[PDB]
Structures are given as structure tokens and as C-alpha cells.
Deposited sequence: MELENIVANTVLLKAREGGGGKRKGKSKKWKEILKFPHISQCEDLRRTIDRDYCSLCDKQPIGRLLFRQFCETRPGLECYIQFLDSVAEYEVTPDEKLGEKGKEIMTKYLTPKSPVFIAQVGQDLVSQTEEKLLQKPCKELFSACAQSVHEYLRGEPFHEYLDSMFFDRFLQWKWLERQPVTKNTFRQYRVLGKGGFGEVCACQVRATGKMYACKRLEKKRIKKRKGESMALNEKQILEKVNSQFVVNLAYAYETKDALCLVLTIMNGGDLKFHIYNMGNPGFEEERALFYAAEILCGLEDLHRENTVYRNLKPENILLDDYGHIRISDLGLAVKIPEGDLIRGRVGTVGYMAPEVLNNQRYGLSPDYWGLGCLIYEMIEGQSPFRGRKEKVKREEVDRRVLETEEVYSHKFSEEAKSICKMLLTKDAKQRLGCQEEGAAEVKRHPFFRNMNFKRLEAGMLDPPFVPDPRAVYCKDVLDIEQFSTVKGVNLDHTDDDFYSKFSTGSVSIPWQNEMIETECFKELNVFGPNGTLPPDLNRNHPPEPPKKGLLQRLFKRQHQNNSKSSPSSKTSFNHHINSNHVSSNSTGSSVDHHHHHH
């Protein structure tokens, strides 16, 4: 549902408008050719024009396929790649990998195969492309086209950039609408925060905390921020739409109550991956509870309410009794100084609650005061049932270890430790992060699973930043706007917008 004249808004500017962008963008290979989706596509598109570079992109694709191939099917795939790219007389032969590297991978395949068999080769390939091909691409018409896409990216966004549809989560410190970008037709979730409440409550710093935490992290398993802007009356945050409901509804209304262990495994694996992505930014979530794990249209999950998240300074600890009764780690209830450990306590709480259909320290049918709930969280040892395997019992106990120093995942190894736990013994995290494992429950599409101060001016100047690069470029690609507008000249000739001769 793109706007009538959607091609005029995303109309490329003339290459001459991007000179300021050219002399300012950092020419980091990893950033321009990999992280940034549209940049990645354009560099790959540049490599298709050269004969000697095409085989390198094809090989990296085949390695990407190898990493997610099942175990029983690895050998075959490995041999395929070898006889295709790594044989001297192959039409698509990789040259910059040393002969002493192809013979090393020959020895590797002569034995049991591994998922990272081709990692050495792929790194050699990238070390090559990082040099001569990359700098060739910089002086190519495709980097020029990238500068055009960036110029579009940084354009100002306002209320007119989107169109609102319905309110969905009116309740918190604001409301959550269903905004939609008009030029592309992509659906999001407006997160209107009323300026007046913000100043009255004096929590402007927490608005920036959530906005900046979101803009920095980009995970498949945490709601992604795509736009932040200021409108008369409020400050909305354009976020990933989640039309599948939340985990609380599916545990209790659509559950036994509860899930089978295998189902809980899927959700816990994605949640652990979300928490790992947040922790890579030394950011603790502190608000893990079923109603904050949402489902999308496919059945995959994302962490949602980041209003309590904070970026723990590296080599530092923080203080704060925050969260929801019954989902607060003991170190928090006591107001001790903690790190990332509350999130792993929350993970324990969630796996338990999914499997058993009730909280580990409170019964669905129980009527207890916050005081006794906290006393149990701090003193009582939880009990398990035949719904848990020994492995599930184990991971829940280790994650629900009262002493954050003994708690699983709260060591130097981090999420890796939790991912190795026998509870995930049958989980291929690689295929999970690649979206290959089918989710257990698929939400039906047509379902309903339910003043004039200058100080505020600076607070907004830091909040209303605009579009987020990676999300924005991803939006362009999903809506096929990139496919449609990314059109060069007939038979590899400079299009008019990229030829400095005629503006």
C-alpha cells in the first residue's frame, strides 16, 4: 500500500547533492559492504560485474548455506563446495586462498565435518575483498548509488511520514498506535509518549535511555527501533509490530495452562538469543515476564518493554529496585549492586512458568501477599514436576540460583554457557538465528490475541534523531522499493541521476 506518488518521495537525488556525504561517511568495509543492508547488496551487485569477483560472493553464499545445513547432511554439502570452488581447474576457482589453505580444509573434510570448516577460507576471502575490490567499488557507480540511498535515509521524518491506524496498548506512560510508513507501506507500532507526562513525571532521561538502547541493538529477538521523531503533544517511537499476542496469553488462555517442553524450548532459545544481543551492549533488561515476550505473524518472539533497560558501564555495577513483583531477582529485591544477572533469573522464571503453567514462587490458584512472594524468591527453593525433564529441571535451578555468582550465564562466558546447557542439547542455534527452525505455533492473521522552555528543546534534539540506518534500509528492501528504484542504465551505463554531466 505505497503512496500514489511513492516514486517521487524516494526519488534519488542527483549525485551532485551527495558530495557532503562522500567526504564524511567512514569507509569501513564491514560497515559499507556487510552491516548496512543496502550497502551490502550494492557491493555484491558491483562484484557481479567483474568476472574474478563473482566466484567469491558465490562461495560466501555457499558457506552461509553450509553453516545452517543439518549435521547428517554436512559431509555432502562440504564436498559440494570443495569440488565447486576449491579445485584448481574449477570455473569459479577461489585464487586468494592459499594452496596451503585448501589442502588444510581437505584434511578437515577427510575427517569428521564441522560447522566452521570453511571459516578460515571465508576469512581469507574477506581479507581479500577488504583490499583491492573494496577500493575499486568505492570509485564505482554503485557506491555513488549507495550515497544516493544514504541521502534518502537521512531525510527528515515527521508526522506526515507515517499514517496512524489504531491504538493497541493504551495504558503505560503513553499509548501504542499502529503507524504505517506511507511511501513504502510498511507497518510499525507508533509508541506515543506525551511530552506533558514526561516533564511532569520528570523521567526524560528514561525516554532517552530506551530510545538509545533500542537504536543501538538490532536483534531478530528484540523489538527494533526504526524511527524516533517529535510531534505536537508527544514523542513517538516507531517500533516492530507484533501481531501474534504475548506469551502470557498463550501460556494461560491458549495453554494447559503451560506448554510442552519442546515448545518452551523454542521460545526460551529465542529469548536467550535476544538477551545475548542486549548483553553484547552491556545492557540489562530487568523486566523479563511473559507479557513482555510478544509473538509476530509467523510465531517468532521478541522482547518488548525496554522501559526498564539500562546500559551498565563496562567494569561497573548498577543499583535499582525495579521490576514486577514475583519477577525480581534476589539481588534486586535487596537493592544490591548487580550486573546482567537479573536477566538470567528472569529466563529461569520464564522457562519454569512456560513448562509448569505457574510461577515458581507463586501458584496460579494461590492468594499471597507480595511479602511472602518475595520471601520465597529469597529463601524458598522451587519445586519441579514430571513436566520437566532432568535437563529442564537443571537449567531452571541453575538460572534460579539465588547467588548471582553461582547463577548460570552470570559468568565471564555469558550466554554461551546457557546455550551449552543440556536443556538445549537438541537446539541448533545457528539455524534458529537464521530463522530456519519452524516456530511451534503460528498466529492466524485475522486473530485478536488479547512548556515553552529551552531545556525541553535540548531533550528533544537528542530524542528526535530520525530514521535508524539498518532498519530503514531493511524496510526499503522488504517493501521492494530498493528492487524498483535501484535501476541503472541499459547495458551497464551510468543512469542520468549518477552522471555528473547533466544535473
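When the deposited sequence is numbered from 1, the segments without any C-alpha atom are 1 to 24, 475 to 489, 543 to 598.
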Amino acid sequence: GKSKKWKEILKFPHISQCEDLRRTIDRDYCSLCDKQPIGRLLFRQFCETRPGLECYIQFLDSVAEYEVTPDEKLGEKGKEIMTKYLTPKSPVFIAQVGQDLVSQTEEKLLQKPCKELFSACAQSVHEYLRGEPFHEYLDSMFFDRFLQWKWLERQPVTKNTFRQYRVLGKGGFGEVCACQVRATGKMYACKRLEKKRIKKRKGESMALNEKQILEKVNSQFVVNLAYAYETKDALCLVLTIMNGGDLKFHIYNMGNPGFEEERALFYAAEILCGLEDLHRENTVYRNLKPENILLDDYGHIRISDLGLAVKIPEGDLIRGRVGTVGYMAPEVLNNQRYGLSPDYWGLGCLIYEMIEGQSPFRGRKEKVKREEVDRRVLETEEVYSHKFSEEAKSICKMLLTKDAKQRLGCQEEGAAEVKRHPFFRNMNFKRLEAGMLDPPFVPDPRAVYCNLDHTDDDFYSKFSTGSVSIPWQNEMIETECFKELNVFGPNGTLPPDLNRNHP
From here on, numbers count along this sequence of modelled residues.
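The term rigid core refers to the most C-alpha atoms you can superpose between the two forms while keeping them within 1.5 Å.
Here the rigid core sets the fit, and in 7 other deposited structures of this protein the C-alphas of 453 to 461 stray farther than those of the other stretch, out of 453 to 461 and 57 to 65.
Per-stretch averaging of Cα B factors for 274 to 282 and 197 to 205 places 197 to 205 on top. Between 145 to 153 and 261 to 269, it is 145 to 153 that carries the larger average Cα temperature factor according to the deposited entry. Of the candidates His135, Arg192, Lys430, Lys289, the PDB record gives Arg192 the highest C-alpha temperature factor. Take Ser219, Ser140, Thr240, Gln96 and read off each C-alpha B-factor from the entry; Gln96 has the highest.
Among the modelled residues of its chain, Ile15 has a C-alpha B-factor that falls in the middle third, as given in the PDB entry. Ranked within its chain, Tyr229 lands in the highest third, by CA B factor from the PDB record. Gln411: CA B factor in the highest third of modelled residues in this chain (values from the PDB entry). In this PDB entry, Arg50 carries a Cα temperature factor that places it within the highest third of its chain's modelled residues.
In the PDB entry, a CA B factor belonging to the lowest third of its chain's modelled residues is recorded for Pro360.
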